[PDB]
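> Give me the fold of what follows.
(chains A, B, C and D)
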Amino acid sequence: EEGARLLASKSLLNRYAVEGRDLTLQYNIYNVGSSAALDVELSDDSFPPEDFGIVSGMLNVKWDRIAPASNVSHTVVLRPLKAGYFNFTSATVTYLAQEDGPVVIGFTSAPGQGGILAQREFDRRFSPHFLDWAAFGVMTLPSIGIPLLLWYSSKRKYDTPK
Amino acid sequence: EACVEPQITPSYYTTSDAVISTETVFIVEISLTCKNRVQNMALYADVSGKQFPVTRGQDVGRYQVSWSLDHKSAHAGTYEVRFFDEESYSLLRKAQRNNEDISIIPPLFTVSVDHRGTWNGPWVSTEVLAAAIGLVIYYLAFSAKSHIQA
Amino acid sequence: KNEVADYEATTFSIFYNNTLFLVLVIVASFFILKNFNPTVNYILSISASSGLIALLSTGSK
Amino acid sequence: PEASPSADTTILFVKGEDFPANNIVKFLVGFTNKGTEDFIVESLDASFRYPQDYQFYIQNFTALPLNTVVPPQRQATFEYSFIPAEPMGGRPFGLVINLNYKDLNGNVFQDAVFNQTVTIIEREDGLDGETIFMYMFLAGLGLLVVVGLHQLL
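Numbers count the residues shown, from 1 in each chain, chains lettered A, B, ... in the order given. What follows is the structure:
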């Protein structure tokens, strides 16, 4: 059967999943069929709005045509509002195998069960503490700077060269 | 039906945290409005010569295209995403295949994605900076202390 | 003479001591105790910095 | 377990058929249920085997237990990723990819989607220090030789 064949992959482009940060979801479609697919629709309802917050990207989209021996990509950004294990289920893609042919229902890959970490572990590990250090130096200025001048001002009064 | 005087309201996203993200992903979303009320208009996006078919959302008039790139190549700067309709998009493949200039074909509209660069960890760790500045301070005092005690 | 020696010894001792404590704490906290639980790092850095300065004060004679 | 005639599978390697050593390889398996009954995808496996003896396992890669269901006349795609050891480059290996699926009634069917000998490739991506260090010596050896010749003569 030389009809259209669409292989889909739903994968995460984040090395870790951390609360409050941006999470990446990439849908990759590969048309390994000989004939170009027509009216490709992908729907992703597996993410409720309560857990993941959409930053940019449309979960549900449609494509007019996909050439054979070609591939298409699609990325959406989500923000996990909570911490806890989540089962990243599969998406659903519907397309026409042949011009005026039956609609073919297909499922995209499933990342599986993935754990989401807590924020306080990350900031202590990879967030730069620029401002904290700058305040620390000022915080230690009164303890060091003033005594040094107090010493030095005394030296300025008795260090008369011979 | 070719869109007459397409008005667009572009919005773009870009990856700014490499430590969590494996790559730098760019997403351009356009809610295109047409004078002729042309709904469901096929669109394509061209990035530095690479062709990406623009995605169409379920809501009428919303468009999205997302192309990923590796961290080591996602250099800070500006990105210009060009778009071409089905009629022009056919010409573009011919021009590219015939090696004719790609700029000769005017694009329907352009979207610029301003990438400020992703974070590859601090150049010199602040702790190392903190240690040296204090260590330099100690040596000067140590230089001072020895002067008195000598 | 004693007043100058008294005062200037107080300031330079004060100035020198504070620098060593903070510098020792920073290095120990972030380079020697870089892999320790914050309380355990906190206990060791503060104690070692203050305790060593206590011993180093007598070790300077 | 033979591959049931009602199931049709495909395998597409994302980054081509090159399997660079110490690099992530990704491919997508597809499953089509042409039968009238449900098919459950149990787990996907991969392994390295000897080219001259396919009965000898070299490296077995962690199975991916899918336990996913594909009803009749429906398609499903499954992603599998694995990283080959760095030293294996420049030597061939018998790469086998097997799909395990069963029908509701309890019959087990296995499909060797990809059964071919694949070669792991050698790479020179950058001129790392080892490349420079051998550049210093050969130039340095000549520099001592050229300088040494001047002084002697």
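> centroid residue for the chain?
Assuming you mean chain A. In chain A, the centroid-proximal residue (C-alpha atoms, centre = their mean) is residue A:23; its distance is 2.5 Å.
> sorry, should have said chain C
Residue closest to the average C-alpha location in chain C (C-alpha atoms, centre = their mean): residue C:21, at 2.4 Å.
> can you pull the buried residues of the helix or strand in which that residue is found?
Using DSSP states H and E, residue C:21 sits in helix C:2-27. Residues of helix C:2-27 classed as buried by neighbour count (16 or more other C-beta atoms under 10 Å in any protein chain shown): C:8, C:11-12, C:14-27. (C-beta placed from N, C-alpha, C; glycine too.)
> Check stretch A:149-162 too.
A:150-151.
> Near chain A, which residues of chain C are found?
Residues of chain C lying close to chain A by C-beta under 8 Å from any C-beta of the partner chain are C:4, C:7-8, C:11-12, C:14-15, C:18-19, C:22.
> same thing but at 6 Å, please
C:8, C:11-12, C:14-15, C:18-19, C:22 (C-beta under 6 Å from any C-beta of the partner chain).
> ok, back up a step: return the residues in contact with the residue nearest to the centre of chain C.
C:49, C:53 (C-beta atoms under 6 Å, 6 or more residues apart in numbering or on different chains).
> Contacts only, for the residue of chain B found nearest chain D.
Nearest residue of chain B to chain D, counting by C-beta to the nearest C-beta: residue B:22, 9.7 Å away. Applying C-beta under 6 Å, 6+ apart, one finds that residue B:22 lies in contact with A:13, A:15.
> which non-adjacent residue is nearest residue 58?
The chain I'm using is chain A. Distances taken as C-beta to C-beta, 6 or more residues apart in numbering or on different chains put residue B:57 closest to residue A:58, at 3.9 Å, once the chain neighbours are dropped.
> Can you look at chain D instead?
residue D:48 (4.1 Å).
> re earlier: so which of the residues of chain C next to chain A is the closest to chain B?
residue C:19 (5.3 Å).
> The closest one and residue B:142, how far apart?
9 Å (C-beta to C-beta, to the nearest Å).
> Assign a three-state SS to residue 47, would you?
Since no chain was named, I'll use chain A. At residue A:47, secondary structure determined by DSSP: H, G, I helix; E, B strand; the rest coil is coil.
> let's do chain C instead
Assigned with three-state DSSP, residue C:47 falls in the helix class.
> Show me which residues of chain D are close to chain A?
Close to chain A, as judged by C-beta under 6 Å from any C-beta, chain D has residues D:10, D:12, D:28, D:30, D:74-79.
> ok, these vs chain C, which is closest?
residue D:79 (35.7 Å).
> what is that closest one paired to in the beta sheet?
Beta bridges link residue D:79 to residue D:28, judged by DSSP bridges.
> wait, isn't it in contact with residue A:111?
No: Residue D:79 is not in contact with residue A:111 according to C-beta atoms under 6 Å; the separation is 8.0 Å.
> Identify the residues contacting residue B:88.
Going by C-beta under 6 Å, 6+ apart, residue B:88 touches residue B:105.
> Quick one: residues contacting the residue of chain A found nearest chain D.
Using C-beta to the nearest C-beta, the single residue of chain A nearest to chain D is residue A:106, 3.3 Å away. Residues near residue A:106 by C-beta under 6 Å, 6+ apart: A:6, A:93, D:75.
> tell me which element it is part of?
Assigned by DSSP H and E, residue A:106 falls in strand A:103-107.
> Same question for that strand: list its buried residues.
In strand A:103-107, counting by 16+ other C-beta under 10 Å, buried: A:104, A:106-107.
> Please name the nearest non-neighbouring residue to residue D:66.
residue D:41 (4.7 Å).
> Can you give the strand pairings for the helix or strand encompassing that neighbour, parallel or anti for each?
Assigned by DSSP H and E, residue D:41 belongs to strand D:39-50. Next to strand D:39-50 in the sheet, as set by DSSP bridges, lie strand D:53-64 (antiparallel), strand D:68-70 (antiparallel), strand D:92-103 (antiparallel).
> Could you export those strands as a markdown table, including mean neighbour count?
Formatted as a markdown table, those follow (neighbours: other C-beta atoms under 10 Å in any protein chain shown):
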| stretch | mean neighbour count |
| --- | --- |
| strand D:53-64 | 12 |
| strand D:68-70 | 18 |
| strand D:92-103 | 19 |
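> I'd like these as CSV, with distance to residue B:13 appended.
Below are the strands paired with strand D:39-50 laid out as CSV (distance: least, C-beta to C-beta, whole Å):
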stretch, distance to residue B:13
strand D:53-64, 31
strand D:68-70, 31
strand D:92-103, 36
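> Next one: residue C:42 from residue D:128, what distance?
Taken as C-beta to C-beta, the span from residue C:42 to residue D:128 is 41 Å.
> Those two: who's more crowded?
The residue with more neighbours, out of residue C:42 and residue D:128, is residue C:42; 14 against 9, by other C-beta atoms under 10 Å in any protein chain shown.
> picking that back up, identify the residue spatially nearest to the residue nearest to the centre of chain A, adjacent ones excluded.
Nearest one to residue A:23, counting by C-beta to C-beta, 6+ apart, is residue A:78 at 4.7 Å.
> any idea which element the one you found lies in?
Going by DSSP H and E, residue A:78 is in strand A:70-80.
> Mind listing residues that contact the following helix or strand past that strand?
Scanning forward in sequence from strand A:70-80 by DSSP H and E, the next helix or strand is strand A:86-88. Residues outside strand A:86-88 that contact it (C-beta under 6 Å, 6+ apart): A:111, A:113-114.
> same deal with stretch A:44-59?
A:22, A:76-82, A:89, A:91, B:13, B:27, B:57, B:64.
> Could you rerun that using 7 Å?
Residues from elsewhere that reach stretch A:44-59, judged by C-beta atoms under 7 Å, 6 or more residues apart in numbering or on different chains: A:22, A:60, A:75-82, A:89, A:91, B:13, B:27, B:29, B:57, B:62, B:64, B:66.
> Quick check on the residues you listed: which are buried?
Neighbour-count burial (16+ other C-beta under 10 Å) applied to the contacts of stretch A:44-59 gives A:22, A:60, A:75-78, A:80, A:89, A:91, B:13, B:27, B:29, B:57, B:64, B:66.
> that older thread, of the residues of chain C next to chain A, list those near chain B.
C:12, C:15, C:19, C:22 (C-beta under 7 Å from any C-beta of the partner chain).
> The last one and residue C:16, how far apart?
Taking C-beta to C-beta as the criterion, residue C:22 is separated from residue C:16 by 12 Å.
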